[PDB]
Amino acid sequence: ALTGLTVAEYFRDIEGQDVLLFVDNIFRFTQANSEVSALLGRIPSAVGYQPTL
Amino acid sequence: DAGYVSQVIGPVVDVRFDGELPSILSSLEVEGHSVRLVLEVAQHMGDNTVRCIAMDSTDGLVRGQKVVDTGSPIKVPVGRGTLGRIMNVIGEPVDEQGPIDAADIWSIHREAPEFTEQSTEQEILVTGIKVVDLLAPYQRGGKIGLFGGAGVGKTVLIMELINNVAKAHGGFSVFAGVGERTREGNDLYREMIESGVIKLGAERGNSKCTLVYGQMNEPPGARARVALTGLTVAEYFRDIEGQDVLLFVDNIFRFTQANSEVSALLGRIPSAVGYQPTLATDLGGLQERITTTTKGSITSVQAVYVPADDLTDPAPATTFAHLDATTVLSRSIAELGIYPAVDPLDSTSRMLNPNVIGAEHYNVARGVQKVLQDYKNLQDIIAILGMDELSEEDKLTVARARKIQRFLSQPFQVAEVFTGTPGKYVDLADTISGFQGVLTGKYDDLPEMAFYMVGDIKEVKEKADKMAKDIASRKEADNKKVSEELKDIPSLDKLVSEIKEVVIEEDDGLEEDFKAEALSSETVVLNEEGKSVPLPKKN
Amino acid sequence: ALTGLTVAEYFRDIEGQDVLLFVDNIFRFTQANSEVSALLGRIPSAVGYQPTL
Amino acid sequence: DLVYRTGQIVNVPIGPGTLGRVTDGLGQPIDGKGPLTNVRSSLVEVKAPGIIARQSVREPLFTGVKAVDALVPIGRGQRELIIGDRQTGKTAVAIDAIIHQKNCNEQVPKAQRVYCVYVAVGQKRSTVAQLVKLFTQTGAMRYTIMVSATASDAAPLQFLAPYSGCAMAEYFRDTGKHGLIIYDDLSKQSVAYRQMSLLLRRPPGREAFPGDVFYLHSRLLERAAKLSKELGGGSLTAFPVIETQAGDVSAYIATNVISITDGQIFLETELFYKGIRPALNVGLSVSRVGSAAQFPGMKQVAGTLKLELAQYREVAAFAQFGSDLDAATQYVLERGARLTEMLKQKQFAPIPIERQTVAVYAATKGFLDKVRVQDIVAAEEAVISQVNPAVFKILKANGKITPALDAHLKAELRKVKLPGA
Amino acid sequence: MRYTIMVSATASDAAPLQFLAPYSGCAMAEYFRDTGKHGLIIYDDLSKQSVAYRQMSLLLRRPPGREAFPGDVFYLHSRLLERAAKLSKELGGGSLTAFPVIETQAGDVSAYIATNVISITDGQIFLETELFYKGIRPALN
Amino acid sequence: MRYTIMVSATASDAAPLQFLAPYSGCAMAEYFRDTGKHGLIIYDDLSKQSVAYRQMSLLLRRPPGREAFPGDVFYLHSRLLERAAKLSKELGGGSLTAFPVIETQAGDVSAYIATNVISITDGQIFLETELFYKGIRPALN
Amino acid sequence: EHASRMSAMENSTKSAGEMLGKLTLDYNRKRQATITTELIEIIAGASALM
Ligand SMILES: Nc1ncnc2c1ncn2[C@@H]1O[C@H](COP(=O)(O)OP(=O)(O)OP(=O)(O)O)[C@@H](O)[C@H]1O
Ligand SMILES: Nc1ncnc2c1ncn2[C@@H]1O[C@H](COP(=O)(O)OP(=O)(O)O)[C@@H](O)[C@H]1O
Ligand SMILES: [Mg+2]
Ligand SMILES: [Mg+2]
């Protein structure tokens, strides 16, 4: 999702446009960051998400 | 050669071996303990240390106490010499009939046989129970599970199975009491002396049952391996003697529970609901040994405690896949008073294929499950409105299914000591015909409480005319000289002189035998020589 | 809650008379020990409280 | 500081010198009557007696509570859990069991007496001093030991007081006499065991409890056994008390002790406020010894009582429509309600078992059908106080309602006046 | 904005910066409380301060409690909202008025952080979602 | 079984073997997908692979997540089930279609492994147990 | 009677929809609290060993 932003941020900051960023299933962005906090040993917050949710 | 105790945390001992560690599952004997303390090596800790689970209590273990390796796992007596005896987890007699004859001394740890020696032969086991033989018939040679919470009747149902199946059976039986009450292990023992299943003394070889007990008082090391000891006695009859064995395991939930009581102390971070990470693999490695191979047959009956009636708990939910016939016992059925409280729409058998039991048995089983699921679907209305809005299309399927719920109930031979009604053994041909009749309408006019607690379909007609006799008894049995003071009874002033007045001593007989001991008020401690001195005034 | 108890214990034990001790939120004694015991190096009990509750 | 080993695994004074005394969780007496005199020091963690050491539970243990001497009968040697919520009658059921033994120890020989042990774990000293004031006012202290590890005591003392109390009560079991131990708040023992184990850094499990909190309670409760005739024939009857939270018996310690004990006396907080006191839930209450150790005569009338209360419970959730009369359900909707208010009982007054089975006979045979539902507790006084008191003298001796008695006491409950007309 | 300070710790800022900005804002408003003047403070979403503080506690490997919150998440808001006082005449007579904002989930006022602040603050302005969609705005319960 | 392979890691088998058996069967099934034929694979009890992978992870001291599953238990099932594909005509046009089998507990499909595999696959076949005893067999809800 | 039964069951379907609405919200709180409770007990047991 950060890679899709960075392509979209070039069209805003250099090309000076109005960009549409489609993040297909933002929940899967949440749950993939929830997995990398579990892999770095971080203690999860409430219902199971990362402490940095 | 020997090892010494380095760490004791509850029922878990670390033993240190300066050179030549024992293998995992090996049995160790602690030298100098009062009772025979046997440790079984669970894991190699890493610095010439093994971690063990103790088969008895560890109170009295000293760091540095010598531990002797036996070079083998826990070895128990097997063979004909164990029939009629009560064995320990470590193969010791606790029946006080002397030492045990040994046809062999087998290890309790084994591998499951193979895929190649599997017997793919489904044949019925006629139990004698109506709800069992109809809706979930048991397999001769397969694994049977009686699921239920506390107080629904798994111990009674396994007592009815012991005297309906193992009583008339050609091979031998093993009862592995795994972590249940010690009282009902003494109940099962004395039931089998008087029934002749266990013959004491000089008739000991004529016994047809081996008891292995690992009951609730014992530490979690004992309750985790006593199912393996009871299996080894049945695996000797299956492999070496090549015969049809019966293995009744009371509360296989306690095998998984006793592993859970030590596993945090074995260095394992916890899994889900409180269980060990190795829950399915501990349970799997035991249950794959209780199989009918090509040599012999082990028909196993396993009571499974279901904690707080929650079948979604992982210890009952893992052992569903290890079974051929699951007999889920329900608290809801027992609140109606229907016994055995077998849930008809939760009990499943692999034997309910019409290729195996035939289509005439299959349709009265599927038809009873159809009419009982429909009644469950109709209780959303007829427990709110009151059986008036159904236009007699499915008013009749309620009164067909309500007679079916009582007809699944059955008196037990072992419940004669509980309830005042005789035991009823029903043949399989009778329970198909009696349940086809209520399913189709051959018995549509008999009342529903004439079906309750009866043997077969001749006993519902023998109960229905007894009900319509004794309704008419309640119109003249009271007076007009049949219950008079003068007819057949004495007077009340005389009967108090009849009874023998027992002697009350009011002195209770306590200290007339008691050998006392003087209590030291001051604390008595040990100095460096080990001598019991007073505690010093140095503070 | 121990300081206010000690004042009430003096009037009971030494002065020997009936006293009233109103303690507003004795839960905040329990909650305060549960904040400290996270830092006293302890395995937490049930819901997150101290083992010695 | 220096730590000296004593050479001893943990001991308590057992013997006949503990009867009448209030001790702490380690055996030191806290009642201020001096040291224990006629005692000896036995171990605290004793192995439970095995399969051969026991025999079947046949003789009953009368509680004096009518809802448990009839519905949930208890034998000498069984383990009956009293489980319920807070302030629902758990201690009161257990206290009535202790008080009743004083009323029955004066009427039996020396080999039939029951010596109670009350283990009070994690309560106040105000509550325990109320009990010793009660057990002295009744006279039950000459048969009672009081082992008291209160809330100010250390968590190892509240962990050991059930075991230290059982070792005192095992003196009577092992010498041919009969014991009755009541572990009040076995839920508070496991809280003390959890604390003691989390500080020893043993890793926690469900609700932070240790892994061996089942073996904490099974090795305690399996010591309540009815011994065989080779071992004196003594018995120990345990009454563990487990407190639930909002009726949740699926909790970890409640599910452990429910599966250990034989029976369970489940008390509800909604039945308690319907006036049903003792608040026994008849559906969930079980006794796995059952009617094998019931008083005969009471056993003859309990079948009519257990069956009619089974129909009275299913006719309920239809009882909100008194416009909807049926006169067959309405027959049992009032008959079970005669039985429900028959089983009510005031506390600290246990009833003799023969006066109970006559009062259940008076409602199962329909003698109290004429009285209204609201005045049966006064009618049970009218049944008891107006019959001939020799009907109870020969029912206790014959042990069952003989054919020469059920027509005597048939007409005896007709010459009484019942408060309903 | 002639009279307003704006202390902003947005969603992209680090969690210790969102944890601190209620205290940074309260120190700026305590200047007016202590010099005899009057102050208003709005901590918009103390719901979000506690989530930033829950993040620091779980990354400090501290044992969590209700809804994985630290045991001192009460003291987080208690230490902050007690500084909104009305001082005596010997201290100047100044005052600080706080308006903490808490977002509930489905009308659940019995949440952990919600009930924490209800037991800290004096009053409560409960704004209802059923009155809000019926056009009644300010949707005061 | 002229066209069937059976990869069998049973219950007494080691938990690494039960974890590895879905991947071993998929590599046998990918021979047909890669050679222009068509495969069909049934992973019966994929909810028993995940318990086996949980056992190896907690014993290897990997940090647990919810229901004590490892953090890469979604990645476990997604890198297995995305191997079931329909290849393009330049890769032969072969295909592999998977049928993972998840056992729920009283229909709770909000459980952790059932939620993960529902996200991965292209649809469920539900089989209710109330429809099962209602005579509807196959009990497809 | 049929029009009163049509209006007594539009008040009852309404009231059993507001009661069900308050039951699914309370179940979803107990669902979320059960996962946090199970998780905290697993982390507290892993931190005691690691
Ligand atoms: N049969 C009864 N009739 C009337 N009151 C009763 C009866 N049984 C108990 N009570 C009263 O109800 C209250 C319940 O307290 P009880 O002694 O039963 O303790 P408990 O609820 O088991 O324990 P806890 O105090 O821990 O909640 C007391 O006031 C007691 O006197
Ligand atoms: N077939 C039956 N007939 C009558 N009562 C029964 C029957 N089965 C069980 N019960 C009652 O339920 C209780 C459960 O006994 P038990 O089988 O020991 O429970 P569990 O299955 O929990 O071990 C028994 O004490 C008995 O009162
Ligand atoms: Mg049992
Ligand atoms: Mg109490």
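Residue numbers (the authors' numbering), protein chains in the order written: chain X, 262 to 314; chain Z, 36 to 574; chain Y, 262 to 314; chain V, 142 to 562; chain T, 282 to 422; chain U, 282 to 422; chain S, 266 to 315. We treat Cβ as the ideally placed atom computed from N, Cα and C, and that holds for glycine.
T385 (chain V): CB within 7 Å of a non-hydrogen atom of ligand 4: no
Relative to chain U, which residues along the stretch 289-305 of chain X have a C-beta separation below 9 Å, given in chain order? Here the close residues are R289, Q292, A293, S295, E296, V297, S298, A299, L300, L301, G302, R303, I304 and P305.
Quick one: give me the first and last residue of the alpha helix (DSSP H) that residue 256 (chain U) is part of. Residue 256 (chain U) cannot be examined here, being either before or after the span of chain U that is shown, 282 to 422.
According to DSSP, simplified to helix, strand and coil, what is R418 (chain V)? Here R418 (chain V) sits in coil by DSSP.
Could you list which residues in chain X have their beta carbon closer than 7 Å to that of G373 (chain U), in chain order? Under the 7 Å cutoff, chain X gives no residues; its nearest Cβ is about 29 Å from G373 (chain U).
Between the stretch 404-416 of chain Z and the stretch 179-192 of chain Z, do at least 3 Cβ pairs fall closer than 8 Å? no
Indicate, with yes or no, if ligand 3 has a heavy atom lying under 7 Å from the CB of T190 (chain Z). Inclusion of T190 (chain Z) in the 7 Å shell around ligand 3 follows from its C-beta lying nearer than that to a non-hydrogen atom of the ligand.
Residue-level contact to chain T via CB, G265 (chain Y), 8 Å cutoff: no
If you check the beta carbons only, do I121 (chain Z) and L246 (chain Z) fall under 8 Å apart? yes
In chain T, which residues lie with their C-beta within 9 Å of the C-beta of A262 (chain X)? Those within 9 Å of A262 (chain X) in chain T number zero; the least Cβ separation is about 15 Å.
Can you list the residues of chain U that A298 (chain S) reaches, using a CB-CB cut of under 9 Å? Chain U residues near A298 (chain S): none, gap ~13 Å exceeds 9 Å.
Report the three-state DSSP secondary structure of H396 (chain Z) (helix, strand or coil). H396 (chain Z) falls in the helix class under three-state DSSP.
How many Å lie between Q311 (chain X) and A457 (chain V) at the Cα? 50 Å
Does DSSP classify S293 (chain V) as helix, strand or coil? Three-state DSSP puts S293 (chain V) in coil, outside helix and strand.
In terms of residue numbering, what span does the alpha helix (DSSP H) encompassing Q386 (chain U) cover? Looking at the DSSP string, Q386 (chain U) is not in any alpha helix (DSSP H), and its letter there is neither H nor E.
Reduced DSSP category for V382 (chain U) - H, G, I as helix; E, B as strand; rest coil: coil
Considering Cα atoms alone, identify which of U:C307, U:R347 and U:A302 is closest to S376 (chain U). U:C307
Going along the chain, which residues put their C-beta within less than 5 Å of some heavy atom in ligand 6? Ligands displayed in this structure: ligand 1, ligand 2, ligand 3 and ligand 4; ligand 6 is not among them.
Output the residue ranges of the alpha helix (DSSP H) runs that lie fully inside the stretch 180-221 of chain V and measure 4 residues or longer, sorted by chain position. 207-211
Endpoints, the alpha helix (DSSP H) within which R289 (chain Y) is located: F288 to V297
Using the beta-carbon count (16 or more within 10 Å), is residue 569 (chain V) buried or exposed? This structure cannot settle anything about residue 569 (chain V), because the visible part of chain V is limited to 142 through 562.
Please state the DSSP three-state secondary structure of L272 (chain V). The three-state reading of DSSP puts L272 (chain V) in helix, counting H, G and I together.
Return yes when the Cβ of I193 (chain V) is within less than 8 Å of the Cβ of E219 (chain Z), no when it is not. A distance of 8 Å or more separates the beta carbons of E219 (chain Z) and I193 (chain V).
Looking at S328 (chain T) and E384 (chain T), is the spacing between their C-beta atoms short of 8 Å? yes
Cβ neighbour criterion (16 or more within 10 Å) applied to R360 (chain U): exposed
Please find out if some non-hydrogen atom of ligand 3 comes closer than 7 Å to the beta-carbon of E547 (chain Z). no
Below 8 Å between beta carbons: does that hold for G444 (chain V) and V213 (chain V)? no
Given this structure, state the Cα-to-Cα distance separating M80 (chain Z) from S41 (chain Z), to the nearest angstrom. 12 Å
Count the other C-beta atoms from every protein chain shown that fall within 10 angstroms of the C-beta of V288 (chain V), then say buried if there are 16 or more, exposed otherwise. buried
Nearest-angstrom beta carbon gap, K541 (chain V) and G438 (chain V) [assumed within contact, 8 Å]: 5 Å
CB of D429 (chain Z) to nearest heavy atom of ligand 4: below 7 Å? No, ligand 4 has no heavy atom inside 7 Å of this Cβ.
Beta-carbon gap between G469 (chain Z) and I492 (chain Z) smaller than 8 Å: Taking 8 Å as the Cβ cut-off, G469 (chain Z) and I492 (chain Z) qualify as a contacting pair.
Would you mind reading off the limits of the alpha helix (DSSP H) that contains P349 (chain Z)? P349 to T353
Ends of the alpha helix (DSSP H) at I467 (chain Z)? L463 to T475
Report the residues of the stretch 399-413 of chain U with a CB closer than 7 Å to any CB of chain S, ordered along the chain. none
Should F300 (chain U) be flagged as near chain X, meaning a C-beta pair shorter than 8 Å? no
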